[PDB]
There are 4 protein chains.
Amino acid sequence: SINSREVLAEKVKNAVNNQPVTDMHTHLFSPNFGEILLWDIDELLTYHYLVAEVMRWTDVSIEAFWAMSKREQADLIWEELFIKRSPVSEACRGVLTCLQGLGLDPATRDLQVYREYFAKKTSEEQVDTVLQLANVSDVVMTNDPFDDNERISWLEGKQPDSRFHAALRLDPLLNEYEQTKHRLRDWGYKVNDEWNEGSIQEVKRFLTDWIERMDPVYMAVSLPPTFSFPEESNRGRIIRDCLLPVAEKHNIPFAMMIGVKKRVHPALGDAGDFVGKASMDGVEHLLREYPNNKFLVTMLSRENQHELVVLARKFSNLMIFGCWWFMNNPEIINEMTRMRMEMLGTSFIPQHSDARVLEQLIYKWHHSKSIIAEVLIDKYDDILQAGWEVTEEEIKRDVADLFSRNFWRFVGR
Amino acid sequence: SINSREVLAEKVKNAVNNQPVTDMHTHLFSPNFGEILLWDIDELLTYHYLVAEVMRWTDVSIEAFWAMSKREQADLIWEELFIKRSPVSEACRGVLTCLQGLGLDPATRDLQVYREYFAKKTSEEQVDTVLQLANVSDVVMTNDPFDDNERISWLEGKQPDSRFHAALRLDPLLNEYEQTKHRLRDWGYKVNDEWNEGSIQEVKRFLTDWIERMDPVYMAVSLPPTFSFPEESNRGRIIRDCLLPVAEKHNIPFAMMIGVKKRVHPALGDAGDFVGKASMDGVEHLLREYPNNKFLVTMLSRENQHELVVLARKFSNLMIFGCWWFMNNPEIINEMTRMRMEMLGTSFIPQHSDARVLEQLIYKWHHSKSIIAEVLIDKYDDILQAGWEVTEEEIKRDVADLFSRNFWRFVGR
Amino acid sequence: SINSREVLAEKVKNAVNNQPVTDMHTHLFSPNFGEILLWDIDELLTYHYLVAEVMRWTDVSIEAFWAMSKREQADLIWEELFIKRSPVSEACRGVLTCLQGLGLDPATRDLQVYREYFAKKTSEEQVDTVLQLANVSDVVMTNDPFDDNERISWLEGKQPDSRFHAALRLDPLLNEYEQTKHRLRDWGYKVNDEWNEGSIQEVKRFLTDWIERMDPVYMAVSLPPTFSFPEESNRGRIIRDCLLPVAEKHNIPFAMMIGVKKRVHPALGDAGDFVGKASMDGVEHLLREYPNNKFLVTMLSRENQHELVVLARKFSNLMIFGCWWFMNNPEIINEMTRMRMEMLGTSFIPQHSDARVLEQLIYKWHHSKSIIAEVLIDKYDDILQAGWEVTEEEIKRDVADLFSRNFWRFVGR
Amino acid sequence: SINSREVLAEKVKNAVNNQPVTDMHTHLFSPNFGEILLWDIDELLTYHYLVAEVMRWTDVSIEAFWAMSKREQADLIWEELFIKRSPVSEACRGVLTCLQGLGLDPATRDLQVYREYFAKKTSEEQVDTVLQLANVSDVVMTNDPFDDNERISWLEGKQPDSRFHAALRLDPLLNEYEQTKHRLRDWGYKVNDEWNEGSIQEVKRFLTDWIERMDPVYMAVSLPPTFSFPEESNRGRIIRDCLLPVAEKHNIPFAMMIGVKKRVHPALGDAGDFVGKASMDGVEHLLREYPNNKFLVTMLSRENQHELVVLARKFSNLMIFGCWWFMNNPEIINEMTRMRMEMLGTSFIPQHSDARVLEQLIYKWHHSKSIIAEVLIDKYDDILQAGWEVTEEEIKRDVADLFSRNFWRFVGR
Ligand SMILES: O=C(O)[C@@H](O)C(O)[C@H](O)C(=O)O
Ligand SMILES: O=C(O)[C@@H](O)C(O)[C@H](O)C(=O)O
Ligand SMILES: O=C(O)[C@@H](O)C(O)[C@H](O)C(=O)O
Ligand SMILES: O=C(O)[C@@H](O)C(O)[C@H](O)C(=O)O
Ligand SMILES: [Cl-]
Ligand code: NA
Ligand SMILES: [Zn+2]
Ligand SMILES: [Zn+2]
Ligand SMILES: [Zn+2]
Ligand SMILES: [Zn+2]
């Protein structure tokens, strides 16, 4: 038996640390796709999360910033966020966790020496190194066929190795149909200006074609805080008449990341998005009215978190996942994971990395695993006190479900 | 006087665990009322909180589940939530706490043996046992005159034990007046199709009649997130012209449990209710415009909790109570109780059990007391460090107010 | 070298304790303004925060309360909140902390003796004593030219000493222009009936004249949950045509304190204000459309805190500050500071005292600094463990930024 | 590098735990030697250290105790020292650590179940199991040619396996020559009544004969607190004319375990020995006057420990080792190890187990490694603080010296 919390803590920490992770949502790509897979210290430092932060300190105008080279940008952020002020924020701390994990020494602050480490490795080598360090066995990518560069790679035979899984990202189709319908036509999908049977079948064809070419684990889309459903709009009709039925047929879950308010600050680029609390009505309707469809949902507002958990108690076809973007900070990750486990036990997916830069897998999982471990230790200790006798194998089992099995079990694969 | 956190913690925990509890809201009934009072391990396992949870895991269809016998359902839940996955959720932990409390040993996981304990015992007995273990001196029931079985009971003179108190629940009357008014007719209450003096006075008779028959400590109603007041609706009118004036006459408080969205998932039965954030406008209005009325309030949305505390700072005729339903989880209980004590001192009612099954009193109060004691220890220790000295007597006094006195003083009994 | 959390806790606690504080928002006044500057134990006990709290207990009518003398009220509150029940609330705790900090001993509960301390001392002496004990180097006041007593003081030549700075509060002008315009004309400002060039120019003259006279660090206003911008109202036009242009010319930041619902309980006086969640739309617009203007923002609703931080991530012309009013409680201060640091690093102002009574400076900063120090320890420890070198000089630098430099840096002074 | 004490601690603990141990003094025997190798829970419970302790509580006479069967003695000790009083003593704590280490569960206190674990294993199997758990690579036995049983095993040609090493124990020869000389004669060693050339040569012959048969890593003897040298006694002459000369020729060190006063309480058997402070004169003389001889020393009196460390500072032919018997308690092990490291760096052997029962290897080493690890963390931290940069490889090296290499390097094998 586990006679003390101290022994329980060590055992839980070991289980969590040893458990290979399936990162069900990232912005990483199989290395064979080429330069689109971003990596190295300069990429880590230029992560848009750090761009927003540096802009709060530097005198360098945003225009000037974008005009600088990748190396110059990295130098500026290093100086502004690490040298001039202690790198205490979550994103800055993450850069340090990566460096340390790669065997580099943050104590020297020798940026040139860190760069040299990367300059002598191939992408294939760095992916092997990182996946081993972060103990990540499977990476789910975000594949947007509407992006010209991504589309051409797929059309020209590019396929990911077994460690990388595809996910059909449909933001342009679902949120900008008025513009996107023209491109569908240019690609041979005869969508009409009237939402008729022809338009429905062609949008379905598009989805089916890409499902066949990508073999996605799920279809996804990020939605605004004003998201509602049903709705007489292109989004409402495409979801209802095309997406859901196609998803039901192939038994592919629909991933909705709700709460992002796009481009409140255009100049910042990828760092210019904001957040807003959403109504749960649209989500509630979808789960109740489409019982044969699977939905993976993560929300951006802190104020949506608790009710999202309650909604998960209502419908089994709802699998909530991760602590997304602005929620991906220790204070939030902790409260979210606790409310989730208290109302759902182990029937959820606590985290994903959303890694845009390869090395981030190291800090994203290291930082989150330590928090999730502390939650588990409290929960296990609580039942041990109630007289329950939890075993190490059961612990390893629960941990496997949280970090990998629940996802694969849900996507039905 | 106490001059160390060590001794302080000793005395606080002692006062808290020794303090006789008055559960000012439950779904239990004096044992003389018969079977309506649920109890035993099978009832604990089939609590709807656990029904919602098992459905997220089990392959069994909700139809087949409802088709199963009580025993069969319990066995399914025990297997799905306790054996196949660690029973870490608050609801599952609660069952274990209950068993351990009764002397049973969760370490064995011998569901059969646990079952035998209850068999060889009677309702009258188990109530004495449970009330002894949970150290609860008074239990406030939820008495719905609109329920047939329950109604006939009060009609036949059935009086509840002196340790069980009555609460007049009016959900059907205030939320479904249109369908309810017809039943009011059948009971000699001549309500008119229109809201005239005739209808107003008959609704009052209905209320006054039951107040006499039940001698309730308060009248209660659960409301939706969209609750508004004033409001040109039956609820708005019935509350304004009947409930309020009557309540003020008998000097009886009005308990409003706001935030529940009923039947979002009909098939789940009692486990099918959801939650939503409410506007404080209505409660603000009621408290201000009706100073001679006493209001007991509790809300279901995590996002309503802080402003409710602030509202309690504004109006003394407002007494906030407990961490209701989806709020009844350690993470929320802790933050709620701390915000409350920081802005209200000891002028609020920290908790109620909402027990639907007798034994639940054990875990409900055990889990809550441990959290409440911790909060008290920190707050006492903070003033202790400022030089203030607290006596054990003052501690028992304070603990008395929180777990029993504030309620009786508020209702005026 | 700082090579452990233990050593770090020491250095951080020391740094925070020794860092002189610039309180960028208070209701204190330079001693040479006389009466208006409140102080002593009777004033502390009658802080409106404690009034609201006593009214939740004392059966003394609010009318009677206001009818009695300062000392009578102080005696009642002390009796009701310190003797009748342990003074565990934040506001009561504060009273005790101020006493101890002054040398008085709360263990004795000798109110009479505490009073003798203040009786034999001048105002000039008490400010010197308090500013020293609270380690506060600069105090920003709230100067409302619409208050007859304050306005006449400025008009007659009253100037604050080196330690007190002015802040031009404009609530009457922006939120009550209909009644206020009549007073502007009485003072020579020819604002017309319709919002035309003449009205715009005179309102500007009004602001400019007062900017010359007070030389304020910033212009301020408290706003309701329903605040919006742009908006066709006097507030919206005054801000758009008058406030912003003037603020930009003199490079004076605009301080918006959003979320207060005034007078939901008029009888309580200053203690009768409530809170409500606001939309971020207005703030988002102001920041994006007026890049040459600087904004200081703090919000009253707990539910606005997280999204306000994200907004700060989008705009560098936004500087968020403090845990205002109902947010100024440990539980909230803690969660707010951690969310801010995690997403903003050190680019924010964690706190302000909002002191109405001089002595409060002692407890406001002592209670807050302890929480902020603990947050810092956690954040520094996280990067230390990640391999980062943290020097005592860098800690002092960061601490100095948070408690003083960020403010002066933002205001351009 | 090692940036923090927390990381240093993890690395030191790991190095220490992972380092295979050479236990240079035990009372264990290679399994092929027979039943002389004691093992199992009953042997653990009847360890003489526990016999002395039980006699302080039990009403059972020492005579009756010796009359009981081994199983009965074990039952009594378990009841008296573990059940009737908490097993907080070091020797009792040790029994528990062994049980836990073997996978058994101390929480059940099921002595019968623990016994079942041992009945199904063979000596050779338990040796493999224990050496693995305790991470002991090499064991030094105590081989007494004067014990009939053991002597026969050697005369038969039995050899210990590669994991076990011999040490020629000479207590009978050196301390009881008058009686022992008669046995030397029966064995062919023609020693005379007078200490002449013949006696000296036969004694030497006896030593050489056994050194050739055992190939001991050292010759050893336990001495009384009155030990002196030079000395005109059989011990002084045998050491001067036989032991030392032989030891030099074979380059074999002489181990002296000084401070034991034998049989102060005869009836207690092996548990009847006491302790006394010794003069350092004889050891000082031996070290200085016999520079070509190597000496391994350990002393029993707490009051001899510091001066022994200082003596090691004077002579390189002196190797001090372990915390012997009455010194083998946490409080002493810690103060000893700290004085030794502070005055000798890593030039000493911190510990040996003195295990009489096989399983004790588990607790002796587990208990000592944790203390030693703590001392090392402190010392490394102090030099890290002085700017030194210790590497993980240097730590492993230092650890190997302390737990293994220093010994083998000193005995030149
Ligand atoms: O980096 C991010 O998290 C965002 O910029 C987006 O990639 C977001 O995660 C999304 O998937 O839409
Ligand atoms: O179990 C519960 O708490 C709910 O299902 C209801 O009983 C709720 O508490 C209510 O009283 O409306
Ligand atoms: O005491 C308070 O904080 C309030 O009553 C107001 O002074 C508020 O701080 C404001 O500045 O409007
Ligand atoms: O168990 C013991 O440590 C003693 O009884 C002796 O074995 C002593 O260690 C010795 O070697 O003489
Ligand atoms: Cl909200
Ligand atoms: Na919290
Ligand atoms: Zn993403
Ligand atoms: Zn209820
Ligand atoms: Zn203020
Ligand atoms: Zn020995």
# chains A, B, ... in the order shown; residues from 1 in each chain; ligands from 1

call {"tool": "residues_around", "arguments": {"residues": "stretch 59-64 of chain B", "least_positions_apart": "4", "cutoff": "12 Å", "atoms": "only C-alpha atoms", "output": "PyMOL selection string"}}
result
(chain A and resi 291+314-317) or (chain B and resi 51-55+68-69+72-73+76-77+80+265-269+271-272)

call {"tool": "write_last_selection", "arguments": {"atoms": "N, CA, C and O atoms", "output": "short mmCIF file (atom, residue, chain, number, x, y, z; two decimals), in the first residue's frame"}}
result
data_model
loop_
_atom_site.label_atom_id
_atom_site.label_comp_id
_atom_site.auth_asym_id
_atom_site.auth_seq_id
_atom_site.Cartn_x
_atom_site.Cartn_y
_atom_site.Cartn_z
N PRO A 291 -26.40 13.59 -31.01
CA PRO A 291 -25.84 12.54 -30.16
C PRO A 291 -24.88 11.57 -30.86
O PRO A 291 -24.06 10.94 -30.19
N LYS A 314 -23.12 16.70 -18.43
CA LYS A 314 -24.39 16.47 -19.11
C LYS A 314 -24.33 15.57 -20.32
O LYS A 314 -25.24 14.77 -20.54
N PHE A 315 -23.27 15.68 -21.12
CA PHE A 315 -23.19 14.89 -22.35
C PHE A 315 -21.90 14.10 -22.56
O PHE A 315 -20.81 14.67 -22.56
N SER A 316 -22.04 12.79 -22.77
CA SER A 316 -20.88 11.93 -22.98
C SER A 316 -20.23 12.13 -24.34
O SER A 316 -19.10 11.70 -24.54
N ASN A 317 -20.94 12.75 -25.27
CA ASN A 317 -20.35 12.99 -26.58
C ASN A 317 -19.52 14.28 -26.55
O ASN A 317 -19.08 14.78 -27.58
N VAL B 51 -24.61 9.37 -11.52
CA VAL B 51 -25.23 8.89 -12.75
C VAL B 51 -24.62 9.66 -13.91
O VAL B 51 -24.25 9.07 -14.93
N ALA B 52 -24.53 10.97 -13.76
CA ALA B 52 -23.96 11.81 -14.80
C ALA B 52 -22.53 11.35 -15.09
O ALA B 52 -22.14 11.23 -16.26
N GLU B 53 -21.77 11.07 -14.04
CA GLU B 53 -20.39 10.64 -14.20
C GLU B 53 -20.20 9.27 -14.86
O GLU B 53 -19.30 9.10 -15.68
N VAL B 54 -21.03 8.30 -14.51
CA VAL B 54 -20.87 6.98 -15.11
C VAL B 54 -21.19 7.02 -16.60
O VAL B 54 -20.57 6.31 -17.39
N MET B 55 -22.14 7.87 -17.00
CA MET B 55 -22.51 7.97 -18.40
C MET B 55 -21.38 8.46 -19.29
O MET B 55 -21.40 8.24 -20.50
N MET B 68 -32.25 -1.03 -15.74
CA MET B 68 -31.63 -1.87 -14.71
C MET B 68 -32.28 -1.63 -13.35
O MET B 68 -32.95 -0.63 -13.13
N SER B 69 -32.06 -2.58 -12.45
CA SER B 69 -32.58 -2.48 -11.09
C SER B 69 -31.63 -1.58 -10.31
O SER B 69 -30.52 -1.30 -10.77
N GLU B 72 -28.38 -3.36 -9.76
CA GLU B 72 -27.63 -3.46 -11.01
C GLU B 72 -26.96 -2.14 -11.41
O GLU B 72 -25.85 -2.14 -11.95
N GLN B 73 -27.64 -1.03 -11.15
CA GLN B 73 -27.10 0.28 -11.47
C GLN B 73 -25.90 0.59 -10.58
O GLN B 73 -24.86 1.04 -11.06
N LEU B 76 -22.90 -1.24 -11.56
CA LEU B 76 -22.33 -0.67 -12.78
C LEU B 76 -21.49 0.55 -12.42
O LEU B 76 -20.35 0.69 -12.88
N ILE B 77 -22.05 1.42 -11.60
CA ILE B 77 -21.37 2.63 -11.18
C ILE B 77 -20.10 2.31 -10.39
O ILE B 77 -19.04 2.88 -10.64
N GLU B 80 -17.58 0.95 -12.97
CA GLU B 80 -17.13 1.96 -13.92
C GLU B 80 -16.35 3.12 -13.30
O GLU B 80 -15.35 3.56 -13.86
N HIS B 265 -30.78 18.02 -20.67
CA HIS B 265 -30.61 16.65 -21.15
C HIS B 265 -31.65 15.75 -20.47
O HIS B 265 -31.31 14.95 -19.60
N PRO B 266 -32.92 15.87 -20.89
CA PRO B 266 -34.09 15.13 -20.40
C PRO B 266 -33.89 13.67 -20.01
O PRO B 266 -34.33 13.25 -18.94
N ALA B 267 -33.23 12.90 -20.87
CA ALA B 267 -33.01 11.49 -20.59
C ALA B 267 -32.23 11.20 -19.30
O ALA B 267 -32.36 10.13 -18.72
N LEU B 268 -31.42 12.16 -18.86
CA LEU B 268 -30.63 11.96 -17.63
C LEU B 268 -31.45 12.14 -16.36
O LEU B 268 -30.96 11.87 -15.26
N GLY B 269 -32.69 12.58 -16.51
CA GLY B 269 -33.53 12.78 -15.34
C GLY B 269 -32.96 13.83 -14.41
O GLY B 269 -32.57 14.91 -14.85
N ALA B 271 -30.24 14.14 -13.28
CA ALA B 271 -28.87 14.47 -13.65
C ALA B 271 -28.81 15.27 -14.95
O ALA B 271 -27.75 15.42 -15.55
N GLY B 272 -29.96 15.80 -15.37
CA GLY B 272 -30.00 16.55 -16.62
C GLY B 272 -30.05 18.07 -16.55
O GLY B 272 -30.28 18.71 -17.58
#

call {"tool": "interface_residues", "arguments": {"of": "chain C", "to": "chain B", "cutoff": "8 Å", "atoms": "only C-alpha atoms", "output": "number ranges by chain"}}
result
C: 52-53, 55-57, 85-91, 93, 96-97, 100, 105-107, 109, 264-265, 268, 271-276, 301-303, 326, 329-332

call {"tool": "write_last_selection", "arguments": {"atoms": "N, CA and C atoms", "output": "short mmCIF file (atom, residue, chain, number, x, y, z; two decimals), in the first residue's frame"}}
result
data_model
loop_
_atom_site.label_atom_id
_atom_site.label_comp_id
_atom_site.auth_asym_id
_atom_site.auth_seq_id
_atom_site.Cartn_x
_atom_site.Cartn_y
_atom_site.Cartn_z
N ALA C 52 -20.50 49.14 6.24
CA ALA C 52 -21.28 48.11 5.57
C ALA C 52 -21.26 46.83 6.39
N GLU C 53 -20.10 46.51 6.95
CA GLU C 53 -19.96 45.30 7.75
C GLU C 53 -20.71 45.33 9.08
N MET C 55 -23.41 47.10 9.68
CA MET C 55 -24.83 47.08 9.36
C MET C 55 -25.37 45.68 9.10
N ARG C 56 -24.47 44.70 8.95
CA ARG C 56 -24.90 43.33 8.73
C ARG C 56 -25.14 42.67 10.09
N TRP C 57 -24.68 43.34 11.14
CA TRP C 57 -24.82 42.82 12.49
C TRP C 57 -25.70 43.65 13.44
N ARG C 85 -17.90 39.60 17.60
CA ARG C 85 -17.41 38.55 16.73
C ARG C 85 -15.93 38.84 16.48
N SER C 86 -15.13 37.80 16.25
CA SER C 86 -13.71 38.02 16.00
C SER C 86 -13.56 38.86 14.74
N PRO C 87 -12.66 39.86 14.76
CA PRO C 87 -12.44 40.73 13.60
C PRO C 87 -11.61 40.07 12.48
N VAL C 88 -12.12 38.97 11.94
CA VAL C 88 -11.43 38.24 10.88
C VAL C 88 -11.53 38.79 9.45
N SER C 89 -12.41 39.76 9.20
CA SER C 89 -12.55 40.30 7.85
C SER C 89 -11.30 41.10 7.49
N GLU C 90 -11.06 41.29 6.19
CA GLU C 90 -9.89 42.03 5.73
C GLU C 90 -9.85 43.46 6.27
N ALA C 91 -10.99 44.14 6.24
CA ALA C 91 -11.10 45.52 6.73
C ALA C 91 -10.83 45.63 8.24
N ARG C 93 -9.14 43.31 10.03
CA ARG C 93 -7.76 42.88 10.17
C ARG C 93 -6.90 44.11 9.99
N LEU C 96 -6.48 46.36 12.99
CA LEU C 96 -5.53 45.77 13.93
C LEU C 96 -4.09 45.96 13.46
N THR C 97 -3.84 45.72 12.18
CA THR C 97 -2.49 45.87 11.63
C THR C 97 -1.96 47.29 11.80
N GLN C 100 -0.93 47.80 15.62
CA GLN C 100 0.35 47.17 15.88
C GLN C 100 1.49 47.95 15.25
N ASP C 105 -1.04 47.94 21.17
CA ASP C 105 -1.18 46.49 21.26
C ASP C 105 -2.61 45.97 21.25
N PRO C 106 -3.03 45.36 20.13
CA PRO C 106 -4.38 44.80 19.97
C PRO C 106 -4.71 43.70 20.97
N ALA C 107 -3.68 43.18 21.64
CA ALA C 107 -3.89 42.13 22.62
C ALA C 107 -4.71 42.68 23.78
N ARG C 109 -6.85 45.30 23.60
CA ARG C 109 -8.18 45.74 23.17
C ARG C 109 -8.56 47.01 23.91
N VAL C 264 -26.63 51.80 -5.04
CA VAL C 264 -27.66 50.77 -5.11
C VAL C 264 -28.35 50.71 -3.76
N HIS C 265 -27.79 51.45 -2.81
CA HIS C 265 -28.32 51.54 -1.46
C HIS C 265 -27.89 52.90 -0.93
N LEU C 268 -26.70 53.99 2.76
CA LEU C 268 -25.37 53.65 3.26
C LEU C 268 -24.31 54.69 2.91
N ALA C 271 -20.80 53.77 1.42
CA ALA C 271 -20.82 52.32 1.50
C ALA C 271 -21.95 51.70 0.68
N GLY C 272 -22.63 52.51 -0.12
CA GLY C 272 -23.74 51.98 -0.90
C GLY C 272 -23.53 51.71 -2.38
N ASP C 273 -22.28 51.53 -2.81
CA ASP C 273 -21.99 51.25 -4.21
C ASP C 273 -21.84 49.75 -4.45
N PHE C 274 -22.28 49.29 -5.61
CA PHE C 274 -22.22 47.87 -5.97
C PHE C 274 -21.28 47.66 -7.15
N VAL C 275 -21.21 46.43 -7.66
CA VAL C 275 -20.32 46.12 -8.77
C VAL C 275 -21.01 45.31 -9.88
N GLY C 276 -20.47 45.40 -11.09
CA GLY C 276 -21.01 44.67 -12.23
C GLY C 276 -19.94 44.45 -13.28
N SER C 301 -15.02 44.27 -11.21
CA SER C 301 -15.54 42.90 -11.22
C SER C 301 -14.47 41.82 -11.30
N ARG C 302 -14.60 40.79 -10.47
CA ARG C 302 -13.65 39.68 -10.49
C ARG C 302 -13.61 39.05 -11.88
N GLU C 303 -14.77 38.98 -12.52
CA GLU C 303 -14.90 38.36 -13.84
C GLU C 303 -14.26 39.12 -15.00
N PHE C 326 -13.53 46.06 -4.08
CA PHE C 326 -14.00 44.71 -3.80
C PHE C 326 -12.99 43.66 -4.28
N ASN C 329 -8.92 42.17 -1.68
CA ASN C 329 -8.99 41.12 -0.65
C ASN C 329 -7.97 40.04 -1.02
N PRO C 330 -7.28 39.47 -0.03
CA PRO C 330 -6.26 38.43 -0.23
C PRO C 330 -6.53 37.40 -1.33
N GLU C 331 -7.65 36.69 -1.23
CA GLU C 331 -8.01 35.68 -2.22
C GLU C 331 -7.94 36.22 -3.66
N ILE C 332 -8.44 37.43 -3.86
CA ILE C 332 -8.47 38.07 -5.17
C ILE C 332 -7.13 38.70 -5.54
#

call {"tool": "select_by_dssp", "arguments": {"residues": "stretch 296-360 of chain B", "states": "strand (DSSP E or B)", "output": "JSON, numbers by chain"}}
result
{"B": [296, 297, 298, 299, 318, 319, 320, 321, 349, 357]}

call {"tool": "residues_around", "arguments": {"residues": "stretch 210-220 of chain D", "least_positions_apart": "3", "cutoff": "8 Å", "atoms": "only C-alpha atoms", "output": "PyMOL selection string"}}
result
chain D and resi 145+154+165-171+206-207+247+252-257+411+413

call {"tool": "residues_near_ligand", "arguments": {"ligand": "ligand 9", "cutoff": "7 Å", "atoms": "only C-alpha atoms and all ligand atoms", "output": "ChimeraX atom specification"}}
result
/C:25-27,354

call {"tool": "write_last_selection", "arguments": {"atoms": "N, CA and C atoms", "output": "compact mmCIF listing (two decimals), in the first residue's frame"}}
result
# COMPACT_ATOMS: atom_id res chain seq x y z
N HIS C 25 -2.83 55.80 -6.27
CA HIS C 25 -4.26 56.11 -6.10
C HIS C 25 -4.70 56.00 -4.65
N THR C 26 -5.03 57.15 -4.07
CA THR C 26 -5.49 57.21 -2.69
C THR C 26 -6.48 58.35 -2.56
N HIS C 27 -7.09 58.44 -1.39
CA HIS C 27 -8.04 59.49 -1.08
C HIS C 27 -7.48 60.27 0.10
N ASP C 354 -5.80 53.01 -2.07
CA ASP C 354 -7.14 53.58 -2.09
C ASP C 354 -7.46 54.08 -0.67

call {"tool": "select_by_dssp", "arguments": {"residues": "stretch 46-143 of chain A", "states": "alpha helix (DSSP H)", "output": "count of residues only"}}
result
54

call {"tool": "decode", "arguments": {"residues": "stretch 241-249 of chain C", "atoms": "N, CA, C and O atoms", "output": "PDB file, in the first residue's frame"}}
result
ATOM      1  N   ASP C 241     -14.124  64.357 -27.859  1.00  0.00           N
ATOM      2  CA  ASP C 241     -13.788  65.705 -28.306  1.00  0.00           C
ATOM      3  C   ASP C 241     -12.948  66.528 -27.345  1.00  0.00           C
ATOM      4  O   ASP C 241     -12.200  67.399 -27.772  1.00  0.00           O
ATOM      5  N   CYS C 242     -13.041  66.240 -26.053  1.00  0.00           N
ATOM      6  CA  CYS C 242     -12.309  67.035 -25.085  1.00  0.00           C
ATOM      7  C   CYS C 242     -11.202  66.351 -24.299  1.00  0.00           C
ATOM      8  O   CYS C 242     -10.043  66.765 -24.372  1.00  0.00           O
ATOM      9  N   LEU C 243     -11.555  65.314 -23.548  1.00  0.00           N
ATOM     10  CA  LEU C 243     -10.587  64.602 -22.719  1.00  0.00           C
ATOM     11  C   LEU C 243      -9.374  64.053 -23.475  1.00  0.00           C
ATOM     12  O   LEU C 243      -8.235  64.408 -23.174  1.00  0.00           O
ATOM     13  N   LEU C 244      -9.615  63.199 -24.460  1.00  0.00           N
ATOM     14  CA  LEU C 244      -8.523  62.589 -25.209  1.00  0.00           C
ATOM     15  C   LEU C 244      -7.548  63.570 -25.869  1.00  0.00           C
ATOM     16  O   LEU C 244      -6.335  63.449 -25.690  1.00  0.00           O
ATOM     17  N   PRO C 245      -8.057  64.548 -26.640  1.00  0.00           N
ATOM     18  CA  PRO C 245      -7.149  65.505 -27.283  1.00  0.00           C
ATOM     19  C   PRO C 245      -6.270  66.247 -26.269  1.00  0.00           C
ATOM     20  O   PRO C 245      -5.068  66.426 -26.484  1.00  0.00           O
ATOM     21  N   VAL C 246      -6.875  66.674 -25.163  1.00  0.00           N
ATOM     22  CA  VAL C 246      -6.147  67.385 -24.118  1.00  0.00           C
ATOM     23  C   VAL C 246      -5.142  66.453 -23.449  1.00  0.00           C
ATOM     24  O   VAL C 246      -3.999  66.838 -23.197  1.00  0.00           O
ATOM     25  N   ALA C 247      -5.573  65.226 -23.166  1.00  0.00           N
ATOM     26  CA  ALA C 247      -4.704  64.245 -22.527  1.00  0.00           C
ATOM     27  C   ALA C 247      -3.474  63.995 -23.390  1.00  0.00           C
ATOM     28  O   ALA C 247      -2.356  63.887 -22.878  1.00  0.00           O
ATOM     29  N   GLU C 248      -3.682  63.922 -24.702  1.00  0.00           N
ATOM     30  CA  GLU C 248      -2.586  63.683 -25.633  1.00  0.00           C
ATOM     31  C   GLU C 248      -1.616  64.858 -25.713  1.00  0.00           C
ATOM     32  O   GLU C 248      -0.401  64.664 -25.746  1.00  0.00           O
ATOM     33  N   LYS C 249      -2.155  66.074 -25.758  1.00  0.00           N
ATOM     34  CA  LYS C 249      -1.317  67.264 -25.852  1.00  0.00           C
ATOM     35  C   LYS C 249      -0.389  67.400 -24.661  1.00  0.00           C
ATOM     36  O   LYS C 249       0.806  67.629 -24.826  1.00  0.00           O
TER      37      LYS C 249
END
